[PDB]
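What follows is a pair of forms of the same protein chain, given separately as structure tokens and numbered structure 1 and structure 2.
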Structure 1
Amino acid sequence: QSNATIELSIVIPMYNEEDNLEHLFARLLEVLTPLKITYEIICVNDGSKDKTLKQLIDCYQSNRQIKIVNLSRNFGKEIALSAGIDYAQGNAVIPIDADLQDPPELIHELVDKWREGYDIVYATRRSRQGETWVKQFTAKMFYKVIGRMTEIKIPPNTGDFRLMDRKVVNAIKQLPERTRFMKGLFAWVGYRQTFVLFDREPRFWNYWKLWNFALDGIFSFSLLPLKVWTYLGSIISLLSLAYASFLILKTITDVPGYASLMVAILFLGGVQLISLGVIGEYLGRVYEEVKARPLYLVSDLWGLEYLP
């Protein structure tokens, strides 16, 4: 009997990953076979310029469980992962790196946690360890800032390695976004979520790129950087009128030219800052409208059918 349904999906983005495919697939077949469930391996060749696609073709010819999504260009690891998740049909979707930095044997624990009733199972590293002190401090500050300014609780030490149930995968597909912060998106779609500790196996930064990623994470879920300027401009304006009133009082109790210039410069700056703050409020509203996030995400229903 052919089940014709897939219980587990493994999404693996590739970029120049020859001489690693054999080890990858050997370890995965060693791990995914004792689970005794139907599975599929979605290898997303993300615009590699070397002999990576051909070995994927050779593997897929021999093995039915391997499926290949060949992106036209190099779109980036996150976009390749999103494409693989879009083309995955299993009940649970588990991203995996080609170099096998994250252990595959944690798939057993991920599946057990999922079967316990969780919809998201994060695979969080126990300790950063090999990361440099500068990287650790920057990551900690970034996560604290994300927690403070946003209403979203992104778990620490989380990578792409995780398990998403079919509900979460459908909800993520329900988010049309081009500037996506995947960590914040997964934490935004809040189902019953849990984490499993794992110690990265041994022997495993363009800070401009990390800064850009952090900027995307800040901007996609917080509008406060667009709201502060109204209050700052109002404060500066109020200080300007206070200074002008004090100068008038001094004149009656003449104003030097530099004092009048102070007053006018501060007032104009405050008015312009108020204008920028109002425009920033409207621009944040436009962003929230344009991102086209669903108003709500229903998890379970009693007595009703899921809306089209």
Structure 2
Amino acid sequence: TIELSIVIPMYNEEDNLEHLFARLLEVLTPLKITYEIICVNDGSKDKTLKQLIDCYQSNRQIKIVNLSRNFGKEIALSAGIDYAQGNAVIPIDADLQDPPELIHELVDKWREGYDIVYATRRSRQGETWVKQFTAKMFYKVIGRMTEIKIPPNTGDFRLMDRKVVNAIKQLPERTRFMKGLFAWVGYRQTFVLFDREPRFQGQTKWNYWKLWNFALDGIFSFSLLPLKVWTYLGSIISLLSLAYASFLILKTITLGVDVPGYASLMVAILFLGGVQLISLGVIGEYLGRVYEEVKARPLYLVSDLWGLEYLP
């Protein structure tokens, strides 16, 4: 059997494989447990699949999942986790930004009785106080969308129990906010604090288009809260628009409002706008219902059973 699985999504990672595998060998041999390394080649346009083949031939603990195309880090991680067989699964980057030694600490927490063990940075320490603030506000927003309070500063480096992996695969989903989904599958969760290596500091171009795309997926692909905040703002600006339209009709009828000579335009505008806003609100509520239905999340998740066998 396999106790630990290390999932490494790789995309154009030559000359990083030797160092990464040396570090993983330094880390995983003291553990004295059976492990495996699932390398997800995410359709690289670079001579790295050949080096992965060379490493796999000599080393019996390397398994390779070669994706047909380039799907992205999250999808490659999902593929590796689907193909992982260990009792615990640890996603790890191929650039060694997250130190592999923390695996041991993570594994220790896994033996303490926890199911998901996140690996959180002590602090950002390299962002220009704009990314820190935006991340803090966004994380408060999603935490108010969630009900598990996913720890801040958590990346993809973590440890999953087999129960959590099975629960994640139990969620049939195509638009997945992975942090929100992890919060949704609420098992015994914890985190361990680690400091990223000082060389690995702020050097990435935080292109705000993909950051905004990630924000939109987090806001919309996870929860209906942005859809329920609207259609509640709407039908308030619609009930308040049908009002002051009935009020306008009453004022015109009683006072005899013909100061312009044309006051039915405002009444028509307000009435049609309010009716259309109510229609859009009803459509939004039923679209949220359809979204919940098509997400097809399980009603519940059983963590343990005493005296009962697991339902298939």
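In this text, rigid core is short for the largest set of C-alphas that superpose within 1.5 Å between two forms. Start at 1 and count along the sequence of structure 1; that gives the residue numbers used here.
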{"property": "Rigid core superposition between structure 1 and structure 2: residue from 188, 122, 229, 114 with Cα shift of 2 Å or more", "result": "229"}
{"property": "Exceeds or equals 2 Å, Cα of residue 151 between structure 1 and structure 2, core fit", "result": "yes"}
{"property": "Core-aligned C-alpha movement of residue 65 between structure 1 and structure 2 reaching 2 Å", "result": "no"}
{"property": "Large Cα shift (2 Å or above) at residue 89 between structure 1 and structure 2, core-fitted", "result": "no"}
{"property": "Angstrom displacement of the CA atom of residue 272 between structure 1 and structure 2, core fixed", "result": "1.2"}
{"property": "Core-fitted comparison between structure 1 and structure 2 - CA shift at residue 260, Å", "result": "3.9"}
{"property": "Core-aligned CA shift between structure 1 and structure 2 for residue 246 (Å)", "result": "5.0"}
